[PDB]
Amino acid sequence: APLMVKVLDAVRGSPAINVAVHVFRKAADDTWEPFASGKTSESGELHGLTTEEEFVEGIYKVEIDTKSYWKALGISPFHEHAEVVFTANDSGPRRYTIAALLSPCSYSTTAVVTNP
């Protein structure tokens, strides 16, 4: 897991399951290029997004589709999604976890970065 995403639900006190996540990388021409995507498991985790070789230096955007999540639960939330943008691997390879906590009108995100 060079790149992992973990999402919790603050209303249910449980993992946020079936959350769609799209990752983008900024291209040489300054637009967002699709990089990888997936959905969280029953444990609220999303592995297998990429590999060390493909996860090169760059500016990455991790979009967590919180609206589609609350909508699938029949709830009316506020945010379109939770967007996490960061430079990665500019000092060599690292392993990144993006952790997120969701409520209908609020979210928090945190990064855990470790050296392999």
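The first residue of the shown sequence is 1; numbering continues from there.
Relative to one another, 50 to 58 and 68 to 76 have unequal mean CA B-factors, and 68 to 76 is the one with the higher figure. Between the stretches 91 to 99 and 8 to 16, it is 91 to 99 that shows the larger average CA temperature factor. In this PDB entry, the Cα temperature factor of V112 sits in the middle third of its chain's modelled residues.
In the deposited entry, the Cα temperature factor of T40 sits in the bottom third of values across the chain's modelled residues.
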